[PDB]
Every structure is written in structure tokens, then in C-alpha cells.
>>> print(open('coords.cif').read())   # mmCIF, N, CA and C atoms
data_work
#
loop_
_atom_site.label_atom_id
_atom_site.label_comp_id
_atom_site.auth_asym_id
_atom_site.auth_seq_id
_atom_site.Cartn_x
_atom_site.Cartn_y
_atom_site.Cartn_z
N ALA Q 1 -56.40 -7.26 12.22
CA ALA Q 1 -57.81 -7.20 12.55
C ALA Q 1 -58.45 -8.55 12.28
N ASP Q 2 -59.34 -8.97 13.19
CA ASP Q 2 -60.29 -10.08 13.04
C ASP Q 2 -59.62 -11.46 13.08
N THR Q 3 -58.29 -11.50 13.02
CA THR Q 3 -57.55 -12.75 13.11
C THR Q 3 -56.36 -12.67 14.06
N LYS Q 4 -55.74 -11.48 14.21
CA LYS Q 4 -54.67 -11.20 15.17
C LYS Q 4 -53.44 -12.08 14.94
N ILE Q 5 -52.93 -12.03 13.71
CA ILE Q 5 -51.71 -12.74 13.33
C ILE Q 5 -50.61 -11.71 13.12
N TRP Q 6 -49.50 -11.90 13.82
CA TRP Q 6 -48.31 -11.10 13.60
C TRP Q 6 -47.69 -11.51 12.26
N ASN Q 7 -47.51 -10.53 11.36
CA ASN Q 7 -47.35 -10.84 9.94
C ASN Q 7 -45.90 -11.13 9.58
N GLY Q 8 -45.02 -10.15 9.76
CA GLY Q 8 -43.71 -10.21 9.14
C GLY Q 8 -42.58 -10.56 10.08
N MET Q 9 -41.82 -9.55 10.50
CA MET Q 9 -40.71 -9.77 11.41
C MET Q 9 -41.21 -10.18 12.79
N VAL Q 10 -42.37 -9.67 13.20
CA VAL Q 10 -42.98 -10.11 14.46
C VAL Q 10 -43.60 -11.49 14.31
N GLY Q 11 -43.88 -11.92 13.08
CA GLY Q 11 -44.35 -13.28 12.87
C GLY Q 11 -43.28 -14.31 13.16
N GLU Q 12 -42.01 -13.94 12.97
CA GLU Q 12 -40.91 -14.80 13.37
C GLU Q 12 -40.62 -14.67 14.85
N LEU Q 13 -40.88 -13.50 15.43
CA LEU Q 13 -40.38 -13.19 16.76
C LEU Q 13 -41.37 -13.59 17.85
N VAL Q 14 -42.65 -13.26 17.68
CA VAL Q 14 -43.66 -13.59 18.67
C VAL Q 14 -43.93 -15.09 18.66
N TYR Q 15 -43.99 -15.69 17.48
CA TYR Q 15 -44.24 -17.12 17.34
C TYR Q 15 -43.00 -17.97 17.60
N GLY Q 16 -41.87 -17.36 17.96
CA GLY Q 16 -40.71 -18.09 18.43
C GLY Q 16 -39.86 -18.72 17.35
N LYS Q 17 -40.05 -18.35 16.08
CA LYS Q 17 -39.21 -18.88 15.02
C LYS Q 17 -37.89 -18.13 14.89
N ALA Q 18 -37.69 -17.06 15.65
CA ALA Q 18 -36.40 -16.41 15.75
C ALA Q 18 -36.23 -15.89 17.17
N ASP Q 19 -34.99 -15.55 17.52
CA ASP Q 19 -34.67 -15.11 18.87
C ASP Q 19 -34.49 -13.60 18.95
N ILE Q 20 -33.58 -13.03 18.17
CA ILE Q 20 -33.32 -11.60 18.21
C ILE Q 20 -33.81 -11.00 16.89
N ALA Q 21 -34.20 -9.73 16.93
CA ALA Q 21 -34.65 -9.00 15.74
C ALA Q 21 -34.04 -7.61 15.78
N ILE Q 22 -32.93 -7.44 15.07
CA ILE Q 22 -32.30 -6.13 14.92
C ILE Q 22 -32.88 -5.54 13.64
N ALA Q 23 -33.74 -4.53 13.79
CA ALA Q 23 -34.49 -4.00 12.66
C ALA Q 23 -34.99 -2.61 13.02
N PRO Q 24 -35.27 -1.76 12.02
CA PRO Q 24 -35.98 -0.50 12.32
C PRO Q 24 -37.45 -0.75 12.62
N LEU Q 25 -37.73 -1.21 13.84
CA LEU Q 25 -39.07 -1.62 14.23
C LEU Q 25 -39.58 -0.67 15.31
N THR Q 26 -40.87 -0.38 15.27
CA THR Q 26 -41.48 0.59 16.16
C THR Q 26 -42.06 -0.08 17.40
N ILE Q 27 -41.65 0.41 18.57
CA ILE Q 27 -42.21 -0.02 19.84
C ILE Q 27 -43.53 0.71 20.05
N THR Q 28 -44.63 -0.04 20.04
CA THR Q 28 -45.96 0.52 20.24
C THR Q 28 -46.56 -0.23 21.43
N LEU Q 29 -47.75 0.19 21.87
CA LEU Q 29 -48.39 -0.39 23.05
C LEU Q 29 -48.75 -1.86 22.84
N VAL Q 30 -49.41 -2.18 21.73
CA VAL Q 30 -49.73 -3.57 21.45
C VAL Q 30 -48.51 -4.35 21.01
N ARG Q 31 -47.45 -3.66 20.59
CA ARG Q 31 -46.17 -4.32 20.36
C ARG Q 31 -45.49 -4.68 21.67
N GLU Q 32 -45.62 -3.82 22.68
CA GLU Q 32 -44.92 -4.00 23.95
C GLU Q 32 -45.47 -5.17 24.74
N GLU Q 33 -46.77 -5.46 24.57
CA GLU Q 33 -47.43 -6.47 25.39
C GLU Q 33 -46.97 -7.88 25.04
N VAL Q 34 -46.78 -8.17 23.76
CA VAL Q 34 -46.54 -9.56 23.37
C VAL Q 34 -45.08 -9.96 23.58
N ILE Q 35 -44.14 -9.06 23.31
CA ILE Q 35 -42.72 -9.38 23.37
C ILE Q 35 -41.96 -8.16 23.88
N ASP Q 36 -40.83 -8.43 24.53
CA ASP Q 36 -40.01 -7.40 25.14
C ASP Q 36 -39.26 -6.63 24.05
N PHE Q 37 -38.80 -5.43 24.40
CA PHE Q 37 -38.02 -4.61 23.49
C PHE Q 37 -36.75 -4.13 24.15
N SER Q 38 -35.90 -3.52 23.34
CA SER Q 38 -34.71 -2.84 23.82
C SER Q 38 -34.99 -1.35 23.93
N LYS Q 39 -33.95 -0.58 24.16
CA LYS Q 39 -34.01 0.86 24.13
C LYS Q 39 -34.09 1.34 22.67
N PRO Q 40 -34.63 2.54 22.43
CA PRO Q 40 -34.66 3.05 21.05
C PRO Q 40 -33.27 3.38 20.52
N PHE Q 41 -33.04 3.01 19.26
CA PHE Q 41 -31.81 3.39 18.57
C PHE Q 41 -31.70 4.90 18.46
N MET Q 42 -32.68 5.51 17.79
CA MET Q 42 -32.69 6.94 17.56
C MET Q 42 -34.11 7.44 17.76
N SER Q 43 -34.23 8.75 17.89
CA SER Q 43 -35.52 9.41 18.05
C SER Q 43 -35.96 9.91 16.69
N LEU Q 44 -37.22 9.67 16.34
CA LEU Q 44 -37.69 9.91 14.99
C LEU Q 44 -39.14 10.39 15.03
N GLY Q 45 -39.76 10.48 13.86
CA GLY Q 45 -41.16 10.86 13.79
C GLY Q 45 -41.73 10.55 12.42
N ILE Q 46 -43.03 10.81 12.28
CA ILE Q 46 -43.68 10.64 10.99
C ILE Q 46 -43.38 11.86 10.14
N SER Q 47 -42.90 11.63 8.92
CA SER Q 47 -42.43 12.68 8.03
C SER Q 47 -43.09 12.59 6.67
N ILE Q 48 -43.37 13.74 6.08
CA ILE Q 48 -44.05 13.83 4.79
C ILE Q 48 -43.01 13.83 3.68
N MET Q 49 -43.24 13.04 2.64
CA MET Q 49 -42.34 12.93 1.50
C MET Q 49 -43.09 13.30 0.23
N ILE Q 50 -42.61 14.33 -0.46
CA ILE Q 50 -43.21 14.80 -1.70
C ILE Q 50 -42.13 14.94 -2.76
N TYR P 1 -46.64 10.90 0.56
CA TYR P 1 -46.44 9.61 1.22
C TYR P 1 -45.76 9.82 2.56
N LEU P 2 -46.52 9.71 3.64
CA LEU P 2 -45.96 9.86 4.97
C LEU P 2 -45.25 8.58 5.38
N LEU P 3 -44.10 8.73 6.04
CA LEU P 3 -43.29 7.57 6.42
C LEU P 3 -42.34 7.97 7.54
N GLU P 4 -41.40 7.06 7.82
CA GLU P 4 -40.35 7.28 8.81
C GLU P 4 -39.46 8.44 8.40
N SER P 5 -38.94 9.16 9.40
CA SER P 5 -38.22 10.40 9.13
C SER P 5 -36.84 10.14 8.53
N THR P 6 -36.01 9.34 9.20
CA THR P 6 -34.68 9.06 8.68
C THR P 6 -34.72 8.19 7.43
N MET P 7 -35.79 7.42 7.23
CA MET P 7 -35.99 6.78 5.94
C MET P 7 -36.30 7.81 4.87
N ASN P 8 -37.08 8.84 5.22
CA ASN P 8 -37.32 9.94 4.30
C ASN P 8 -36.06 10.78 4.12
N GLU P 9 -35.21 10.85 5.14
CA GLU P 9 -33.99 11.64 5.03
C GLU P 9 -32.96 10.95 4.15
N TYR P 10 -32.97 9.61 4.10
CA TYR P 10 -31.97 8.90 3.33
C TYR P 10 -32.20 9.06 1.83
N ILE P 11 -33.46 9.07 1.41
CA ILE P 11 -33.77 9.19 -0.01
C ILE P 11 -33.46 10.60 -0.50
N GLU P 12 -33.54 11.59 0.40
CA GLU P 12 -33.22 12.97 0.06
C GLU P 12 -31.73 13.17 -0.19
N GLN P 13 -30.87 12.40 0.47
CA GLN P 13 -29.43 12.51 0.25
C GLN P 13 -28.93 11.60 -0.86
N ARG P 14 -29.60 10.47 -1.07
CA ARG P 14 -29.38 9.64 -2.25
C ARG P 14 -29.74 10.44 -3.50
N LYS P 15 -29.11 10.11 -4.62
CA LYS P 15 -29.13 11.05 -5.73
C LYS P 15 -29.99 10.65 -6.94
N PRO P 16 -31.29 10.38 -6.75
CA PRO P 16 -32.27 10.88 -7.72
C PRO P 16 -32.73 12.28 -7.39
N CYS P 17 -32.63 12.70 -6.13
CA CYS P 17 -32.75 14.08 -5.65
C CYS P 17 -34.11 14.72 -5.89
N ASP P 18 -35.13 13.96 -6.28
CA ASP P 18 -36.44 14.53 -6.55
C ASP P 18 -37.40 14.38 -5.37
N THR P 19 -36.87 14.11 -4.18
CA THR P 19 -37.66 13.89 -2.99
C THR P 19 -37.35 14.97 -1.96
N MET P 20 -38.30 15.22 -1.06
CA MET P 20 -38.17 16.35 -0.15
C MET P 20 -38.87 16.06 1.16
N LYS P 21 -38.12 16.16 2.25
CA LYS P 21 -38.71 16.18 3.58
C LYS P 21 -39.22 17.58 3.91
N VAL P 22 -40.51 17.69 4.18
CA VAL P 22 -41.15 18.98 4.43
C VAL P 22 -41.68 19.00 5.85
N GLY P 23 -41.76 20.20 6.42
CA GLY P 23 -42.19 20.36 7.80
C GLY P 23 -41.20 19.79 8.79
N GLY P 24 -41.66 18.86 9.62
CA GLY P 24 -40.81 18.18 10.57
C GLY P 24 -41.42 16.86 10.97
N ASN P 25 -40.97 16.35 12.12
CA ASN P 25 -41.57 15.16 12.70
C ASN P 25 -43.01 15.44 13.10
N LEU P 26 -43.86 14.44 12.92
CA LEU P 26 -45.24 14.52 13.37
C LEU P 26 -45.55 13.56 14.51
N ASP P 27 -44.55 12.84 15.01
CA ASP P 27 -44.75 11.90 16.10
C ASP P 27 -43.39 11.69 16.77
N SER P 28 -43.33 10.77 17.72
CA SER P 28 -42.08 10.26 18.24
C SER P 28 -42.21 8.76 18.44
N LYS P 29 -41.33 8.01 17.79
CA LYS P 29 -41.33 6.55 17.87
C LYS P 29 -39.91 6.07 18.12
N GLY P 30 -39.78 4.78 18.42
CA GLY P 30 -38.50 4.25 18.82
C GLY P 30 -38.08 3.01 18.07
N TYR P 31 -36.81 2.97 17.68
CA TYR P 31 -36.24 1.80 17.01
C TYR P 31 -35.55 0.93 18.05
N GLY P 32 -36.26 -0.08 18.54
CA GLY P 32 -35.72 -0.97 19.53
C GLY P 32 -35.65 -2.39 19.00
N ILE P 33 -34.69 -3.14 19.55
CA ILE P 33 -34.51 -4.54 19.18
C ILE P 33 -35.66 -5.36 19.75
N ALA P 34 -36.38 -6.05 18.87
CA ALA P 34 -37.43 -6.96 19.32
C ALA P 34 -36.80 -8.22 19.90
N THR P 35 -37.10 -8.47 21.17
CA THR P 35 -36.58 -9.59 21.94
C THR P 35 -37.79 -10.38 22.41
N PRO P 36 -37.63 -11.66 22.78
CA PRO P 36 -38.78 -12.40 23.32
C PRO P 36 -39.16 -11.88 24.69
N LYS P 37 -40.42 -12.10 25.05
CA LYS P 37 -40.92 -11.62 26.34
C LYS P 37 -40.30 -12.44 27.46
N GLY P 38 -39.47 -11.79 28.28
CA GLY P 38 -38.58 -12.53 29.15
C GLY P 38 -37.45 -13.11 28.34
N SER P 39 -36.62 -12.23 27.78
CA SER P 39 -35.64 -12.64 26.78
C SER P 39 -34.44 -13.33 27.41
N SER P 40 -33.86 -14.25 26.64
CA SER P 40 -32.60 -14.87 27.01
C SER P 40 -31.42 -13.94 26.78
N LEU P 41 -31.63 -12.84 26.05
CA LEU P 41 -30.56 -11.94 25.65
C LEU P 41 -30.85 -10.48 25.95
N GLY P 42 -32.06 -10.14 26.39
CA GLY P 42 -32.50 -8.75 26.36
C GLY P 42 -31.79 -7.87 27.37
N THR P 43 -31.69 -8.34 28.61
CA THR P 43 -31.00 -7.62 29.67
C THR P 43 -29.49 -7.45 29.39
N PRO P 44 -28.76 -8.41 28.80
CA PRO P 44 -27.44 -8.03 28.26
C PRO P 44 -27.50 -7.06 27.09
N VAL P 45 -28.53 -7.16 26.25
CA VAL P 45 -28.68 -6.23 25.13
C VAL P 45 -28.98 -4.82 25.62
N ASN P 46 -29.81 -4.70 26.68
CA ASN P 46 -30.33 -3.40 27.11
C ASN P 46 -29.23 -2.47 27.60
N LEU P 47 -28.20 -3.02 28.25
CA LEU P 47 -27.06 -2.18 28.58
C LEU P 47 -26.16 -1.99 27.37
N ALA P 48 -25.98 -3.04 26.56
CA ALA P 48 -25.10 -2.95 25.39
C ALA P 48 -25.68 -2.10 24.28
N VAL P 49 -27.01 -1.93 24.24
CA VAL P 49 -27.60 -0.84 23.47
C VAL P 49 -27.17 0.50 24.06
N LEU P 50 -27.31 0.65 25.38
CA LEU P 50 -26.99 1.91 26.02
C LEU P 50 -25.48 2.15 26.09
N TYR C 1 -32.75 32.01 20.05
CA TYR C 1 -32.98 31.32 21.30
C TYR C 1 -33.52 29.93 21.02
N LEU C 2 -33.04 28.96 21.78
CA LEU C 2 -33.45 27.57 21.64
C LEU C 2 -34.32 27.18 22.82
N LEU C 3 -35.38 26.44 22.54
CA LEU C 3 -36.27 25.94 23.58
C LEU C 3 -37.01 24.74 23.02
N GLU C 4 -37.88 24.17 23.84
CA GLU C 4 -38.59 22.97 23.43
C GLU C 4 -39.70 23.33 22.45
N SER C 5 -40.23 22.29 21.81
CA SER C 5 -41.19 22.48 20.72
C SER C 5 -42.50 23.06 21.22
N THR C 6 -43.04 22.50 22.30
CA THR C 6 -44.36 22.90 22.76
C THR C 6 -44.31 24.27 23.43
N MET C 7 -43.19 24.58 24.09
CA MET C 7 -43.01 25.91 24.63
C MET C 7 -42.87 26.95 23.53
N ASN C 8 -42.32 26.56 22.38
CA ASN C 8 -42.17 27.51 21.29
C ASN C 8 -43.51 27.79 20.62
N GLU C 9 -44.44 26.84 20.68
CA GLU C 9 -45.74 27.05 20.06
C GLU C 9 -46.59 28.00 20.89
N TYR C 10 -46.59 27.84 22.21
CA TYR C 10 -47.53 28.56 23.05
C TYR C 10 -47.19 30.04 23.13
N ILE C 11 -45.90 30.38 23.06
CA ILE C 11 -45.52 31.78 22.99
C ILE C 11 -45.94 32.37 21.65
N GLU C 12 -45.89 31.56 20.59
CA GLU C 12 -46.32 32.02 19.28
C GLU C 12 -47.84 32.18 19.23
N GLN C 13 -48.56 31.43 20.07
CA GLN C 13 -50.01 31.53 20.07
C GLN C 13 -50.50 32.72 20.89
N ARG C 14 -49.68 33.24 21.80
CA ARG C 14 -50.05 34.45 22.51
C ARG C 14 -49.95 35.65 21.58
N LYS C 15 -50.47 36.78 22.03
CA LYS C 15 -50.63 37.85 21.06
C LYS C 15 -49.70 39.05 21.26
N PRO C 16 -48.37 38.86 21.23
CA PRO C 16 -47.63 39.94 20.60
C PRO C 16 -47.31 39.55 19.16
N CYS C 17 -47.38 38.24 18.89
CA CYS C 17 -47.34 37.66 17.54
C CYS C 17 -46.05 37.99 16.79
N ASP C 18 -44.92 37.95 17.48
CA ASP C 18 -43.66 38.42 16.91
C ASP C 18 -42.57 37.36 16.91
N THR C 19 -42.88 36.13 17.29
CA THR C 19 -41.90 35.05 17.38
C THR C 19 -42.33 33.92 16.47
N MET C 20 -41.41 33.42 15.66
CA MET C 20 -41.70 32.31 14.78
C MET C 20 -40.68 31.20 14.98
N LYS C 21 -41.14 29.98 14.72
CA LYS C 21 -40.31 28.79 14.80
C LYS C 21 -39.76 28.47 13.41
N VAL C 22 -38.47 28.22 13.33
CA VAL C 22 -37.86 27.77 12.09
C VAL C 22 -37.35 26.35 12.29
N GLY C 23 -37.24 25.63 11.18
CA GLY C 23 -36.79 24.26 11.23
C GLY C 23 -37.83 23.33 11.83
N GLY C 24 -37.36 22.14 12.18
CA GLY C 24 -38.20 21.14 12.80
C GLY C 24 -37.65 20.72 14.15
N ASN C 25 -38.07 19.55 14.62
CA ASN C 25 -37.52 19.01 15.86
C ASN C 25 -36.09 18.56 15.63
N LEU C 26 -35.17 19.07 16.45
CA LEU C 26 -33.79 18.62 16.34
C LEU C 26 -33.63 17.21 16.88
N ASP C 27 -34.46 16.83 17.85
CA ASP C 27 -34.47 15.49 18.41
C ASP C 27 -35.89 15.20 18.91
N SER C 28 -36.04 14.13 19.69
CA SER C 28 -37.34 13.83 20.31
C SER C 28 -37.10 13.29 21.71
N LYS C 29 -37.16 14.19 22.69
CA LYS C 29 -37.15 13.79 24.08
C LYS C 29 -38.60 13.66 24.55
N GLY C 30 -38.81 13.47 25.84
CA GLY C 30 -40.14 13.26 26.36
C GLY C 30 -40.30 13.81 27.76
N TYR C 31 -41.51 14.26 28.06
CA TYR C 31 -41.89 14.69 29.39
C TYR C 31 -42.50 13.52 30.15
N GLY C 32 -42.19 13.44 31.44
CA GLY C 32 -42.73 12.38 32.27
C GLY C 32 -42.86 12.79 33.72
N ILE C 33 -43.87 12.26 34.40
CA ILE C 33 -44.04 12.50 35.83
C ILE C 33 -43.00 11.69 36.59
N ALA C 34 -42.23 12.36 37.43
CA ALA C 34 -41.07 11.75 38.06
C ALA C 34 -41.26 11.62 39.57
N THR C 35 -40.84 10.47 40.09
CA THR C 35 -40.82 10.12 41.50
C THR C 35 -39.42 9.63 41.81
N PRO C 36 -38.92 9.85 43.03
CA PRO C 36 -37.55 9.43 43.35
C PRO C 36 -37.42 7.92 43.48
N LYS C 37 -36.19 7.49 43.71
CA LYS C 37 -35.91 6.09 43.95
C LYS C 37 -36.53 5.65 45.28
N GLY C 38 -37.18 4.49 45.27
CA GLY C 38 -37.85 4.00 46.44
C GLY C 38 -39.25 4.52 46.64
N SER C 39 -39.72 5.42 45.78
CA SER C 39 -41.08 5.92 45.89
C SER C 39 -42.06 4.86 45.43
N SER C 40 -42.91 4.40 46.35
CA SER C 40 -43.88 3.36 46.02
C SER C 40 -45.02 3.88 45.16
N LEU C 41 -45.19 5.20 45.08
CA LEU C 41 -46.21 5.78 44.22
C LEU C 41 -45.83 5.75 42.74
N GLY C 42 -44.59 5.41 42.41
CA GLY C 42 -44.13 5.55 41.03
C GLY C 42 -44.81 4.61 40.06
N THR C 43 -44.94 3.35 40.43
CA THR C 43 -45.59 2.36 39.58
C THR C 43 -47.12 2.55 39.44
N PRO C 44 -47.91 2.89 40.48
CA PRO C 44 -49.33 3.18 40.20
C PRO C 44 -49.56 4.42 39.35
N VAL C 45 -48.76 5.47 39.54
CA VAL C 45 -48.90 6.68 38.74
C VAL C 45 -48.45 6.43 37.31
N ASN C 46 -47.45 5.55 37.12
CA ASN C 46 -47.01 5.17 35.78
C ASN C 46 -48.13 4.46 35.02
N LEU C 47 -48.90 3.62 35.70
CA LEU C 47 -50.08 3.06 35.07
C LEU C 47 -51.22 4.07 35.00
N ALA C 48 -51.24 5.06 35.90
CA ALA C 48 -52.27 6.09 35.83
C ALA C 48 -52.06 7.02 34.65
N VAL C 49 -50.80 7.28 34.27
CA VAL C 49 -50.53 8.04 33.06
C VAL C 49 -50.98 7.26 31.83
N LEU C 50 -50.68 5.96 31.80
CA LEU C 50 -51.13 5.10 30.72
C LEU C 50 -52.64 4.86 30.77
#
>>> encode(input="coords.cif", output="C-alpha cells")
Amino acid sequence: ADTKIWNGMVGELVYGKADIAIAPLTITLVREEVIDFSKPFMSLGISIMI
Amino acid sequence: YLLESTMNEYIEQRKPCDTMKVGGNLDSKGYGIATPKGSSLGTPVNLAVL
Amino acid sequence: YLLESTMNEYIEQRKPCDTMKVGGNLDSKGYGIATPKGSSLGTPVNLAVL
């Protein structure tokens, strides 16, 4: 928000400091626009941990 | 603490054993390889993922 | 009997009230509007869904 800086693994990837990123990373709409993605590894969801 | 499902599933099988996945998935998201937009590797990756 | 998640909810919401869902999502597939190969309507409708 208010600065629009890709922080972590996308900070290396969008800004071109790395080429490939093999990681448990989520493909979202604003994620899809800046850089390309692969197919999903597995199908998952948001889960509650108690 | 809501989080990723298989990340929540891994702590449940690891043996402090005091954690519990309850209910089910609350979304659907994808683990894809972050590649540059117009990747030098993505189209070979996209089949090799599949 | 096995069926999809959303189909299992709507039968449970009708009123014979005798069917319950156990467990969670076994996977996460997706519904999509489909057009054949060569259908020029596929790309505008794909943006129309989005």
C-alpha cells in the first residue's frame, strides 16, 4: 500500500534480481499482472490452525 | 491462526502433535513457479511442470 | 455418495434435511465457461468473467 514495492521473493523476481522462483507462492490477480507464472503444484485452501 | 492448508497439514503430522486442522479449505489457491513476464524459461517450464 | 462441494451444500439446504457432508474438500477443481477450439468468443467471455 501507498508505495507498491514487491517485498520478498517477488522483490527479487519482479525487479529482475533473479530469474526463476521455485517456492510455495500464490498466483493472485495482482501477482499475475507483473510477472508470468507456471501451473499450480497442488490445489489448496485457507485452513484454520488451533 | 489461518494459513495454507498443506502447511497446516505438515505441522499436524510433525510430532509436537498439539496442532489441529479443523473444518476444511476456505479458498482455492495455486502454487506456481514465479517466472519473469515473457520468461526465458517459462514455456519449457509450463510443460515440464505438467 | 460422492459429489462436488457446492452441489452437496444445496441439497443440504433444501428441506428434507436428511443429508450431511462429512470431511472437507478432497481436492480443488474449478468451474469455467467453456468454448471450443477456434471459438472467437472465448477470449472476450474470459475477460467478461473476470
>>> interface_residues(input="coords.cif", of="chain C", to="chain P", cutoff="9 Å", atoms="only C-alpha atoms", output="list in words")
residues 23, 24, 25, 28, 29 and 30 of chain C
>>> closest_residue(input="coords.cif", among="P:50, P:34, P:3, P:45", to="residue Q:22", atoms="only C-alpha atoms")
P:34
>>> interface_residues(input="coords.cif", of="chain Q", to="chain P", cutoff="6 Å", atoms="only N, CA and C atoms", output="JSON, numbers by chain")
{"Q": [19, 20, 21, 22, 23, 24, 25, 26, 27, 34, 35, 36, 37, 38, 39, 40, 41, 42, 43, 44, 45, 46, 47, 48, 49, 50]}
>>> axis_aligned_box(input="coords.cif", around="stretch 24-34 of chain C", padding_each_side="6 Å", output="JSON")
{"center_x": -38.8, "center_y": 16.9, "center_z": 25.9, "size_x": 22.4, "size_y": 22.5, "size_z": 39.4}
>>> atom_distance(input="coords.cif", atom1="atom C of residue Q:18", atom2="atom C of residue Q:31")
15.2 Å
